[PDB]
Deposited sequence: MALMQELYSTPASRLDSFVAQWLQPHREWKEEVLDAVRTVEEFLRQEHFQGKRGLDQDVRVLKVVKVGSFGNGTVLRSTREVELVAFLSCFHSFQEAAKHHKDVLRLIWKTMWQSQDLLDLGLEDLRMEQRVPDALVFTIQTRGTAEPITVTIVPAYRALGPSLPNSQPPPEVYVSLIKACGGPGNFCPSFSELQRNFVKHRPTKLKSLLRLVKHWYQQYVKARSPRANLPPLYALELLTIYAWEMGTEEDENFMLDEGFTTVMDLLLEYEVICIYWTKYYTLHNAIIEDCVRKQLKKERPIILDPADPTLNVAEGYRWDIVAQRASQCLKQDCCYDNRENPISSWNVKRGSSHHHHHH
């Protein structure tokens, strides 16, 4: 069975039965990742004496959208030796090499079958490796990106002080705000997570897999578009029709040339400098999907939305976007 041959009326069952990972498998993976997290927090890295002050899971394991097919766990490490955005940028690779050097001597990680260490140019660079789980000894890929801790402790989803974004804009994808990128997707209703899984699965299997060399947009852009569709289309209803949501996202993808989306979730227009930044962003070539966590980033800029629209057009012709009386599923209003 696959998505395109799944009737719209059966999408809830498809997501639940085909796309959800087994809960014990997820726990197996997180148990192994915990050892990496503990290593990072506890190790006195010998650069000065360097510490990872905080480690956060991001991407699918961080925001609750892990799929059956997910085989990577993404971590962001906040470093003691970065005191500005500029310092993090300058010493990003230095820190990854330091962490890598030290991992090869870690009895704990060696006992988890650590292998395949390399740096990958993931914009920004990531240290990438595999470890083996404790039960099955199955391999899982783990990635680490270093960050300047620009934000202090607070409730999930409070607003950063405007001065943080003023400094960002003065300083000239920003892992300093990765907790916010996480939270924006994580702190949503269960059924929205099902729609996110569905869209991500579709994107990976029918778009990314088919054009693996193309400059396709990041999954985050698709997450933001999906959230937008739901927020506007249902007035943030925890109860909604999954099939209508999926069709709505496909329709929106067709219209990429006129998409202009932003939020004042983590920044508002009250600060003149932030307002000026956002105003400037919104006048640029569309699609614009402004990062709710970072007013300087149009997450959609520069990517092959033309390819995505081509696949969305095909998707809309499939059983997953038709009812059982051969009527197209109707999309939400905005």
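Relative to the deposited sequence, which regions have no modelled C-alpha positions in the structure?
Those parts of the chain that were deposited but carry no coordinates are 1-4, 52-56, 182-186, 349-359.
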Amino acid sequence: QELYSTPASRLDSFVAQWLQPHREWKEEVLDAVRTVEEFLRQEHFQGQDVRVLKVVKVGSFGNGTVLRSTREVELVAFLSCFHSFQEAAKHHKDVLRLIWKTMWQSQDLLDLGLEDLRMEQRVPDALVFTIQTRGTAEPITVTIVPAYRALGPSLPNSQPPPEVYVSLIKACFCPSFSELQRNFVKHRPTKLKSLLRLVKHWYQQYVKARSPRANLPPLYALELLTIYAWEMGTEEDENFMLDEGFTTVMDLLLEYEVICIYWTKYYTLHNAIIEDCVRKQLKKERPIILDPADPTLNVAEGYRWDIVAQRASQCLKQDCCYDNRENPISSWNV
From here on, numbers count along this sequence of modelled residues.
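Compare the mean C-alpha B-factor of 255-263 with that of 102-110 as given in the PDB entry, and name the stretch with the higher value.
The recorded data point to 255-263.
Which is higher in the entry, the mean Cα B factor of 242-250 or that of 82-90?
The deposited B-factors put 82-90 ahead on the C-alpha mean.
Using only the C-alpha B-factors in the record, can you name which of 235, 74, 179, 115 has the highest?
In this record, 235 carries the highest C-alpha B-factor of the candidates.
For the CA B factor values reported in this entry, which option in 297, 272, 33, 53 has the top one?
Among 297, 272, 33, 53, the highest C-alpha B-factor in the entry belongs to 272.
State the tercile, meaning the lowest, middle or highest third, of residue 303 with respect to the CA B-factors recorded for its chain.
For residue 303, the deposited C-alpha B-factor lands in the highest third.
Considering every modelled residue of the chain and its Cα B-factor in the PDB entry, is residue 139 in the lowest, middle or highest third?
Tercile = lowest for this residue's CA B-factor.
By the record's CA B-factor, is residue 20 among the lowest, middle or highest third of residues in the chain?
Its C-alpha B-factor, which the entry lists for residue 20, ranks in the lowest third among residues of this chain.
Taking the entry's C-alpha B-factors for this chain, is residue 164 in the lowest, middle or highest third?
CA B-factor rank for residue 164: highest third.
If you rank the chain by CA B-factor, which third does residue 155 end up in: lowest, middle or highest?
It belongs to the highest third of the chain when residues are ordered by C-alpha B-factor.
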